[PDB]
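Novice: Generate coordinates for the sequence data below:
(chains A, B, C, D, E and F)
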Amino acid sequence: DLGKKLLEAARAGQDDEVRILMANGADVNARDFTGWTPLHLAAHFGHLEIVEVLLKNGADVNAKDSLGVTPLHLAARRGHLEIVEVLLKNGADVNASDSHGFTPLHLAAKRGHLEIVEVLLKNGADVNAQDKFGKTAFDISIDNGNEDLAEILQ
Amino acid sequence: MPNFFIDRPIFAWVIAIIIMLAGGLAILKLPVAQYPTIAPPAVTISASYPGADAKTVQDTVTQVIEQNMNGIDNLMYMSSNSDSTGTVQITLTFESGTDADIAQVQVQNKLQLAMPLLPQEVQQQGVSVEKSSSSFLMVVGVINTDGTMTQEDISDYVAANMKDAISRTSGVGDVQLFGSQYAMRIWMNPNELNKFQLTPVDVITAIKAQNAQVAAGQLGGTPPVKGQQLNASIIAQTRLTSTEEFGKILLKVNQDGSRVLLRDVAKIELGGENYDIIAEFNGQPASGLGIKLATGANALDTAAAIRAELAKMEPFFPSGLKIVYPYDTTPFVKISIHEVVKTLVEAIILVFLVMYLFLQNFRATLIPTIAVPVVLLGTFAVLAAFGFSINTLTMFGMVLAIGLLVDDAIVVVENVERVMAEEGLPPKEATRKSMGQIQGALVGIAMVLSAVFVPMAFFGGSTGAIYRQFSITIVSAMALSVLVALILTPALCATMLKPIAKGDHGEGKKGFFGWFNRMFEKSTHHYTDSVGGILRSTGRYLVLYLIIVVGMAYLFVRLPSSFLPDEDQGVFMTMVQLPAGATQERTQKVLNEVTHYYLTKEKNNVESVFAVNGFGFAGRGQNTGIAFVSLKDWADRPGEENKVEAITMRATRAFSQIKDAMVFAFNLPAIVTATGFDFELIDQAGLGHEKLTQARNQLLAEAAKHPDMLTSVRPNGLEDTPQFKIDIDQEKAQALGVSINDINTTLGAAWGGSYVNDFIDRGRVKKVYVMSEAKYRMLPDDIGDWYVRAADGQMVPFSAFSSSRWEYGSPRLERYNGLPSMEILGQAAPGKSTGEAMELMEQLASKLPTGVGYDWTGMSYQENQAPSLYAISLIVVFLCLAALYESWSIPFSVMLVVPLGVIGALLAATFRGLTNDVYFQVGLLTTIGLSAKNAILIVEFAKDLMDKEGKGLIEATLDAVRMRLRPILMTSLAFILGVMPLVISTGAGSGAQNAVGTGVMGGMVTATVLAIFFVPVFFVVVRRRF
Amino acid sequence: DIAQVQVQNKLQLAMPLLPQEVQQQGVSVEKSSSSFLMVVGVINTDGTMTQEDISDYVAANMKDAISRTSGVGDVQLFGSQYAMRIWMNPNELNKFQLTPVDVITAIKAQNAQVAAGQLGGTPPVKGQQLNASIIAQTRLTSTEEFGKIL
Amino acid sequence: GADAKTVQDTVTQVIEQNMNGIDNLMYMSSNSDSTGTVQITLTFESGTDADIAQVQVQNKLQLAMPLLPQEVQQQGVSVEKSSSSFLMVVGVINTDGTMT
Amino acid sequence: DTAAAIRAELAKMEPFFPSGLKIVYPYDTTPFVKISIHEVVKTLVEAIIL
Amino acid sequence: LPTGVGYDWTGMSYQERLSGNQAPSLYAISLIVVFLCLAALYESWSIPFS
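Specialist: Residues are numbered from 1 along each chain as shown, chains lettered A, B, ... in the order given. Take a look at the structure below.
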């Protein structure tokens, strides 16, 4: 399957191969036992050019994991702000919750990423929302010990 | 001195007998193996961590051990990897000449002192430290054709009934078991455990208490009260022995009277220590024994010893339990040794024929028949003294020496005959005169041949180990040949040779011999007429010479190089690589599909297929596998269409259709090592694993932009795969009265498996493993089935105090010299040298992200001396001829014969399409050595005639060249014929025979046809200039 | 070489009798000289690194490779490698009714590297379609991680 | 605190199965007391360097260490060059009867 | 020989030192051994010349 | 003794069995050496045989 060679290229960061596979119509919705799509991989491992090329090609922006996770979740947890914005412009559910109740904000506030937390907030992300534990963006920031993130989310 | 043993024939016989005896004794108490030890000493520290990922193993075991490998002597480099099968393996390689015993004990000791720093379960399991540079003599497969016992059943039997017996057998040094003995297995059930408010913590606690060896005292023990009459020992509780006893282990006694047994919450049975690997032999469950040869032991006497012991323990095998021999190096040694004796025998018969064809008398043809065998037996003694052994290298080393041995014998005998025929001198005084003509020449030759062969035994590392065998072997035979040619042979001539009247060249005699003599005696005129005309036009031939030299250089650099010729070992391997996350079941289908291909589309050539599911030389896990294919005899696979390379390529091309995985066949190395490089990419800062992977990919992509320099540049490891991370919330846990220890044990034991303690099975100590039943530990949705008892006594699900997420991690983490790394393999593009492809890789690596270093390991290290050694060699040779002739100039007329022998070898090698390997190179040195010997004699005679009877330059050269025609012709005729069998040899170690054959025959023809014409020219032009 | 071997042979018999705190600190058996062959000084020309920073870099990036080269019997570090130092406070301990005992216990339970096995691991049930390692708790890597310990 | 049958199944046999293949082994004798102690003696051909023989044995011994019971490892196992007879016996007595 | 081995090993590390990090050689008993020997060799040649 | 029961010698006895089995050969190789040595010194087969 070309779909597999796509998952390898999307993860590896080979734009040239990825574009080529685009020419050849390799499945853009290909999956692996984890449910991760080429867009999942690219968002997680942070390559933008791929993300855009993938989105231009009909990829599900709100593709979910077997555990409910999405590309925004992946990009927010990891550090890529540029990826976050591109994803949001294409219709990524800002309030997408995990099987465990985690949203893109939680993963962001959990790891800090103040610059990414602001972007998610100005897009209608709940303050309110609770993860399985019942922690909220503020609960996660205070416990973590981030005073700067406490002001933003307050 | 010849004149000493000419008057004392009996003394010479004593020496001959002593040499024979000493040799005979040596050829009986001398080790026998396929190859000597060539690889540098290497020690491997192996450790296991049941249920541990690649990351955990490295950060708790690999790193702790690596930091303690200091203070050890003669380390070249350290290497290690950490798999997701819970295994770690640290290999330390040492300088050549390092006592492997001392090296291992130093590694072992440092490891001991680091043992207290390792995880508990890693200590329980134990840490191994073994010499890894060793090679298997054979592997003994043990299958069950009855289908009445699993591979665990076979394994346990082999370990408790065979492993020990084989180990004690004479000759075997080490024995590896391809499996594991039984082990008590407790397959827990989370649904049941929760029903009785129990956890894997309870199950473990109960087993450690109701299955242990409790120490008690004695009755009437010291100090006793006076009057005590008996003193008996007290026996307490002792470890359990049966499956039934374990199931009876008490866990909880309900408040209603009933009890809960271990049997009630888990299935109890005997299984294997692990289930990672599953082995099959032609589709049948199998196990085996990897057997190694003890040092100094005889491989043949050992292979026969193990087959006797196996047959001696045969009547005790269970039903349908048969043993097979998938791998065995014994046949190679038998064939090798047999073909050496054969060659040596038919070499004496040929020398006998050519000796009788030219000399035409039995008494003379008898002399070489004695001199040659004496020297052979003698060199075996010389080898023994140095500590060498009979092996493939030293064996061929002699079949190349017979040419120099037969020569020295033919030269002494023929010269005596030629003298008596040119003057009415009786044998005794003819031998004195004859020897007086070649005494100095023979000694000088011994020096020259030493100067040619001895420097070759100075190459460093592995490559030096190989040359050292040939060199020392050939030099010994050479020096022992001259010695016999100055003692035994001269005595045998002045005693066994009959008088021959002056002018009697058998020119008039009956029949063939009479015709042959007139024919040859007239051809010696046609020959001296040609040389006479040649010496009238030397300029024309100086030009032809340069053409030969130029052609030599061209044909030399255009010849591909390989270290040792590839062979058909009757076996080959096929790798199997499934995608990431691929299950053991899937891998099995592909292996069945591979085995089904061999036992069908190759039934004529394939004997068996040993499918090992879960193993790989560059990575392990459920998604990997190997198939060891064993072929039928070489007498059942005729033609190149049925050899390994033909079958391999045809197999690889057939497995390409499989869209499920990457499957390809490939012949194994000649010696267990290849070509290409061993590049090591090193994280020299704190970059991490992901940053290192990027630097690798970046370099791999760059090397892809040089298909004219770099080919097949690939990573020698595994690729990152999705992992299932669990996040235990510390807060909610403490908020429910649940201990983190309880959590990480019920999880670690149920899903990972925990080794609890030991029990005795039929008088043998074995392990006890606790672990969840398969159906309760397969998917992420099963984690919720597991409950943990809190302080309040309530059972709390895992889905209450944890979360999860998919992640990426390495299944196999590598390290080099204490730092993170990734191995990179490659080779030089066709036509380019490794020294060029290496230089390029260094350049590409110099442009990598800051904090990324590199280094060379293995072959690529111990990587440079050839010209330096043959510059010293070239000099010593010169100085020798200089002293032999008392001249600074004359030596040149001898050293010019070198290219004449080389060109022919290059023609043959290139024509047949062979490589410039070690067999070829050694074949050259012997050709060069022999052709040089001819020149030395022709020059010695010519120079002598000028100094003695004051003959002219041309007059002397023509007379000298005439006298040397027959000797040179004879030894060359008997040589070529005796090598023919090697050149045409097919199958069975031919790859080696063909190398030593084509290289020699081609070079031997050109080195005599051209030398008899060119050396008279060299002498003249040199004598004219200087 | 053998003198060192024999010495360690008897040392291993004494090891189990030594206190755990001594064992886990590592016992060593050198066979070097008493005097120094040389001293490799390491300095920082800019102001980036302190005496502590330099010592730790040497110990973590230079010491091993040197103490591992043939000919070197012993390597003494004129400094010290870093370690996660937990400087506890008596007043704040008593205040929360805790002790150094409780602190050491929490560090072991929360700074741990556990083995959690795999999904679809061997022996698998018939029909398994996936196989991936399971990851549990991992060692802490930063001071900040150590501070969040409950 | 272990009988002879157990101390042979968990110690002696474990160590023996590995002591095969060493250079210059003539024979190997061993015994297992009820006091829980074992002894394995390996004799080598006359001329063998005893120092190398000790090392080689210790190398093979390390393989079996792990398989030994905890109580045994904690105990320590010693591999030394040995001899059978006594050179001499130094005796000590008290003459003023002040020492028992 | 060991001094040479140590220097060779140090040389493989320098290209990766953080900025400002420099190696200095405060104390070494090796140079004297080498220099002392070469001085005796110097007196040898001068001897045969004289 | 019953089948399955073998025997062997150790220590002092082992060395004794060995010393006895090597004896015959030792005498043989010694006579050969003396004969040859005599033959060489006096250049004869007849007088070394006497």
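Novice: Grab the nearest non-local neighbour of residue B:982.
Specialist: residue B:997 (3.4 Å; CB to CB, 6 or more residues apart in numbering or on different chains). The C-beta positions use only the backbone N, C-alpha and C, and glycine is treated the same way.
Novice: so what does the helix or strand hosting the one you found touch, helix or strand wise?
Specialist: Using DSSP states H and E, residue B:997 sits in helix B:990-1009. Helices and strands touching helix B:990-1009, as assessed by 3 or more CB pairs under 8 Å, 6 or more residues apart in numbering or on different chains; DSSP states H and E, comprise helix B:392-399, helix B:898-912, helix B:918-947, helix B:965-983.
Novice: Run through who's touching the helix or strand following the third one.
Specialist: Read that as helix B:918-947. Note on helix B:918-947: by DSSP H and E, the next helix or strand toward the C-terminus is helix B:953-963. Here helix B:953-963 makes contact (CB atoms under 8 Å, 6 or more residues apart in numbering or on different chains) with B:418, B:524, B:527-528, B:531-532, B:535, B:938-939, B:941-946, B:951, B:1012, B:1015-1016, B:1019-1020, B:1023-1024.
Novice: let's see it at 6 Å
Specialist: B:528, B:531, B:535, B:938, B:941-942, B:945-946, B:1016, B:1019, B:1023 (CB atoms under 6 Å, 6 or more residues apart in numbering or on different chains).
Novice: Equivalent analysis for stretch B:444-460, please.
Specialist: So stretch B:444-460 is contacted by B:467-468, B:471-472, B:474-475, B:478-479, B:482, B:865, B:869, B:872-873, B:876-877, B:880, B:884, B:925, B:929, B:933, B:936 (CB under 6 Å, 6+ apart).
Novice: part of a strand, is residue B:197?
Specialist: No: assigned with DSSP: H, G, I helix; E, B strand; the rest coil, residue B:197 falls outside any strand and is coil.
Novice: For residue B:602, see how far away it is.
Specialist: According to CB to CB, to the nearest Å, residue B:197 and residue B:602 sit 60 Å apart.
Novice: One more: residue B:760?
Specialist: Residue B:760 is 47 Å from residue B:602, where distance means CB to CB.
Novice: and if you look at residue A:152?
Specialist: For residue A:152, the distance to residue B:602 - CB to CB - is 70 Å.
Novice: The helix holding residue B:997 to helix B:965-983, inter-axis angle?
Specialist: Orientation check (axes from the mean of the first three to the mean of the last three CA atoms, to 10 degrees): helix B:990-1009 against helix B:965-983 gives 160 degrees.
Novice: Could you list the buried residues of helix B:990-1009?
Specialist: By neighbour count on 16 or more other CB atoms under 10 Å in any protein chain shown, the buried set for helix B:990-1009 is B:990-1008.
Novice: so what secondary structure elements neighbour the next helix or strand after that helix?
Specialist: Counting by DSSP H and E, the next helix or strand C-terminal to helix B:990-1009 is helix B:1011-1025. Packing contacts for helix B:1011-1025, counted by 3 or more CB pairs under 6 Å, 6 or more residues apart in numbering or on different chains; DSSP states H and E, involve helix B:538-557, helix B:891-895, helix B:918-947, helix B:953-963.
Novice: In CSV: those, plus mean neighbour count.
Specialist: Below are the helices and strands packed on helix B:1011-1025 laid out as CSV (neighbours: other CB atoms under 10 Å in any protein chain shown):
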stretch, mean neighbour count
helix B:538-557, 13
helix B:891-895, 23
helix B:918-947, 23
helix B:953-963, 20
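Novice: Around chain B, pick out the residues from chain A.
Specialist: A:33-34, A:67, A:100, A:133 (CB under 6 Å from any CB of the partner chain).
Novice: Among the residues you listed, which one has the most neighbours?
Specialist: residue A:34 (25 neighbours; other CB atoms under 10 Å in any protein chain shown).
Novice: mind listing what residue B:87 touches?
Specialist: Counting by CB under 6 Å, 6+ apart, residue B:87 has contacts residue B:48.
Novice: what are the ranges of the helices in the chain?
Specialist: Since you didn't name a chain, this refers to chain A. Applying DSSP state H to chain A gives helices spanning A:2-12, A:15-23, A:38-44, A:48-56, A:71-77, A:81-89, A:104-111, A:114-121, A:137-144, A:147-152.
Novice: you looked at the wrong chain, it should be chain F
Specialist: F:11-42, F:46-49.
Novice: And those: which comes nearest residue F:1?
Specialist: helix F:11-42 (17.9 Å; CB to CB).
Novice: What residues sit buried inside the closest one?
Specialist: Quick answer for helix F:11-42 (16+ other CB under 10 Å): F:36, F:38-40.
Novice: could I get the residues you listed as CSV with distance to residue F:10?
Specialist: Below are those laid out as CSV (distance: CB to CB, whole Å):
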residue, distance to residue F:10
F:36, 39
F:38, 42
F:39, 44
F:40, 44
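Novice: I'd like those written out as JSON lines, with distance to chain B added.
Specialist: JSON lines is the format used below for those (distance: CB to the nearest CB, whole Å):
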{"residue": "F:36", "distance to chain B": "5"}
{"residue": "F:38", "distance to chain B": "9"}
{"residue": "F:39", "distance to chain B": "6"}
{"residue": "F:40", "distance to chain B": "4"}
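Novice: Report the buried residues of stretch B:678-695.
Specialist: B:678-685, B:687, B:689, B:691-695.
Novice: Could you check how far the residue nearest the centre of chain B is from chain E?
Specialist: Centroid-nearest residue in chain B: residue B:671, 2.8 Å away (criterion: CA atoms, centre = their mean). For residue B:671, the distance to chain E (CB to the nearest CB, to the nearest Å) stands at 30 Å.
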